[PDB]
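Everything on this sheet refers to the single structure shown next.
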Amino acid sequence: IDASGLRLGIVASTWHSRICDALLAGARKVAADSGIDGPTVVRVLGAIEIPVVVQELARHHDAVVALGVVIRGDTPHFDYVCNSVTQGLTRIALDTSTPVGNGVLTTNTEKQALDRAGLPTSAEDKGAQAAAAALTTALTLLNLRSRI
Amino acid sequence: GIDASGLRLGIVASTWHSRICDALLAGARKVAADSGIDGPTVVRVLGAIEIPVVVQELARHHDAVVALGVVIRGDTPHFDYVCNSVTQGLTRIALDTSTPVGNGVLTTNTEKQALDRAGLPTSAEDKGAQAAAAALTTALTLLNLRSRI
Amino acid sequence: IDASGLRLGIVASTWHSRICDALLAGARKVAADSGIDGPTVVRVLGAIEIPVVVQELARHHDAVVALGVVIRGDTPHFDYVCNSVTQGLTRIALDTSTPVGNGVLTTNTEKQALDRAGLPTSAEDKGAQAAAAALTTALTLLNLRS
Amino acid sequence: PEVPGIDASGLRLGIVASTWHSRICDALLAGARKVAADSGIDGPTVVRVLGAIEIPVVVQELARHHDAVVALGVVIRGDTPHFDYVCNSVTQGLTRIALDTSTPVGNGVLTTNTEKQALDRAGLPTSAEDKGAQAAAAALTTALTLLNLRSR
Amino acid sequence: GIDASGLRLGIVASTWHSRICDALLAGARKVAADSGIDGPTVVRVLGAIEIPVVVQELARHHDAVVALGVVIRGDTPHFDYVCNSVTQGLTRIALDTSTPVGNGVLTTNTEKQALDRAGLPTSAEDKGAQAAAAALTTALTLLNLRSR
Ligand code: NA
Ligand code: NA
Ligand code: NA
Ligand code: NA
Ligand code: NA
């Protein structure tokens, strides 16, 4: 990914610190690997707080990465939180015509979330995937706009 | 320690299951007071359905809003459609108004679950406190972001 | 509740008249007991039709009450109607900054809906609850905005 | 019981029917058309689309220049989750349009688990229900109601 | 019996699960070509989540857009929120821009199910072709409705 021009925002929640930090770390790695060593990084408490800050960043950034973890608890809370946050991320991308890379984990168990958080032992790095998605899409959009 | 003395906070709390709602509200006030806000705008409504229009009304004139209430599953699918609509209303408003909305609306299957989350002396969790900490920390973050432009 | 100064709209479906008529009657009684003797009352056939009428009422009233019933049938239709209507009522309340009391029942059985329609044998009066909801919240907003 | 019909002769009506599962779609359209004629509208604007996913955008086009729109079609659950997401988004979409355009949208989009359920709701000679008829009634009655309110 | 020669067609296709994505795109291309459109605008993105923002970009300057891709259920609820939110986004865009968006985003439980709907030699269905047909035929309908 050659992403040197671009302004990247990263919004990462903090609930389940270890997972969130590792999501952040993976997002940062891909950004750095793509020419962006200093993305705008912001932290929030939980996933619920992510949309409003992703919105704030999207208005002044070419791309934003949304990072966090929701693990199902005892109640239906999980279902309404995951649906609303994910749909909020879709809205902001459309409203602002800016890609929002979705690295917000929605898992039934902790081990699932750990297995996707880009730790040494993880099957996947969702932080990295979200960053690649945000950046690659922003480049494509910049290419489309720079025509006619 | 959150220092929010500069900020205007609205709190809307439903009244359906008053023991729980009152405890959610008490947990929110405490965080606010502990954060330097002794006098937030507090408004009561009947049930969860009523919360969003008032959250909007408050979000327009406040830096942060906390939405508190409880919906407990009964016999019918009513639970599902209320929880989903209210929750998405709270998301819509925060985005429309670029104002954090702390979600302390409990959506439980049983009453014991709600009580266990209401920040009563016996409760596992204090959802009103978490929803106030969420809203205030987010508003200070937004404030910081906007002071850079 | 003193709501004398407030303009109130009520939209009630007519599908399943035992249920719908009883919901409307419970809402009317709250409105009357709150000092609103002449609310704008509008009937529609089914629940799907309630949103566009609620929207129309909300634009010229201080509160609106939505009443009807969706009972689950054989197909997923129930799920998509209840969700879409319910979310529509939320949209309208927000768009118009006017409360919309939700008295649209969404039940699995007809017996559940009867038991919520505020007939003399009913455990609950959801028309009454929807009306108190809309009117108390309207007074609250009035107060806030003053 | 005999009850006089809706008089909607002063109204402009649009009808959009999809085509997937065409004998069912055609039957919905015919039931809707019957009710429109009975109500005084022999020439509604009738438009056909491929599937239910195509219904919203056309319903919107019609809603801008008509007093009522009828939305007709069929989704039958298949193998995959596609049914759920399609049904939800289409139904949501019809709700959004009615609000955006303050114009009623009569919902005759069947969303069934089986073909037999759809057939039984499509107003065929042998059908239990005529959801096309129902959807046309809803849109037209609601439209007259709105006109009545707007005179106030 | 689709004559869209005079129409502007945009196609967005994700990349995740290449074989299927590529076949979906070949299916839509073939339909466009047969309908008189030999140079559609074709954009590639990483995954389903990235489809709507690009579909929006194209819908603003095209008479029709085709959205193509595949989401296959894995271990967590991620599938349900991505599917609901993408499908809802495509519906939103079509309405916002009054421009048809053909939906060729597969949402499946299994890989075999996706492969069976991707328009491969032995596939039961050609969802790319179906999405292109949908978008183009609806585009013509709107053109007629607007004509006088
Ligand atoms: Na931007
Ligand atoms: Na504000
Ligand atoms: Na009003
Ligand atoms: Na109209
Ligand atoms: Na366009």
Side-chain angles (χ1 to χ4, degrees), chain A residues 52 55-56, chain B residues 6-12 40-41 53-67 90 92-102 135-136 138-140 142-143 146, chain C residues 3 5-11 39-40 53-66 89 92-101 134-135 137-142 144-145, chain D residues 57 60-61 149, chain E residues 4 6-12 40-41 54-67 90 92-102 135-136 138-140 142-143 146:
Chain A
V52 76
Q55 188 178 252
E56 198 74 11
Chain B
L7 304 175
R8 304 247 294 121
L9 175 72
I11 316 288
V12 190
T41 314
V53 71
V54 180
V55 161
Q56 176 172 276
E57 196 72 21
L58 294 186
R60 284 163 179 159
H61 307 280
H62 294 78
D63 302 312
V65 182
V66 181
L90 295 178
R92 159 176 169 186
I93 295 157
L95 289 189
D96 291 349
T97 68
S98 303
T99 304
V101 177
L136 297 166
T138 311
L140 289 169
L142 286 176
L143 193 64
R146 291 160 186 176
Chain C
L6 307 174
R7 292 127 34 186
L8 178 68
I10 308 167
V11 181
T40 307
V53 180
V54 163
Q55 173 175 265
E56 202 70 23
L57 292 195
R59 292 167 169 164
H60 314 91
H61 289 82
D62 307 301
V64 176
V65 169
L89 302 177
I92 292 165
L94 289 182
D95 290 1
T96 67
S97 306
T98 297
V100 176
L135 292 174
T137 306
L139 289 165
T140 298
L141 294 161
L142 183 57
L144 285 188
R145 295 164 180 162
Chain D
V57 68
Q60 182 176 266
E61 202 66 27
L149 290 167
Chain E
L7 282 190
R8 294 170 311 176
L9 181 60
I11 305 168
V12 193
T41 305
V54 181
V55 166
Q56 177 166 271
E57 200 71 11
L58 292 183
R60 291 165 167 160
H61 301 73
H62 291 84
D63 302 293
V65 192
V66 181
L90 303 180
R92 172 191 157 179
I93 288 155
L95 300 170
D96 287 356
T97 67
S98 310
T99 298
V101 178
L136 292 174
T138 308
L140 296 169
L142 295 169
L143 190 72
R146 296 153 181 181

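In what follows, every chain begins at residue 1, and chains take the letters A, B, ... in the order their sequences are listed. Remember, it's 1-based here, ligands and their atoms both numbered in the order they're listed. No hydrogens, no waters, no symmetry mates; every other heavy atom, side chains included, goes into these values.
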Any salt bridge between E/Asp63 and E/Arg8, counting N to O under 4.0 Å?
yes

Any N/O/S atom of B/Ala59 sitting less than 3.0 Å from the Na ion (ligand 2), backbone or side chain?
yes

Atom of E/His62 closest to the Na ion (ligand 5), considering N, O or S atoms
O

Is any side-chain heavy atom of B/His62 closer than 4.5 Å to a side-chain heavy atom of B/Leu9?
no

Verdict with reasoning, B/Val65 to B/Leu90, per side-chain contact (heavy atoms from CB on, under 4.5 Å)
CA-CA 10 Å; B/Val65 182; B/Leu90 295 178; over 6 Å; no

3.0 Å cut-off met by an N, O or S atom of B/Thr99 to the Na ion (ligand 2)
yes

Using atom types as modelled and distance alone, determine if a side-chain donor or acceptor of D/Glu61 lies under 3.5 Å from a backbone N or O of E/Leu142.
no

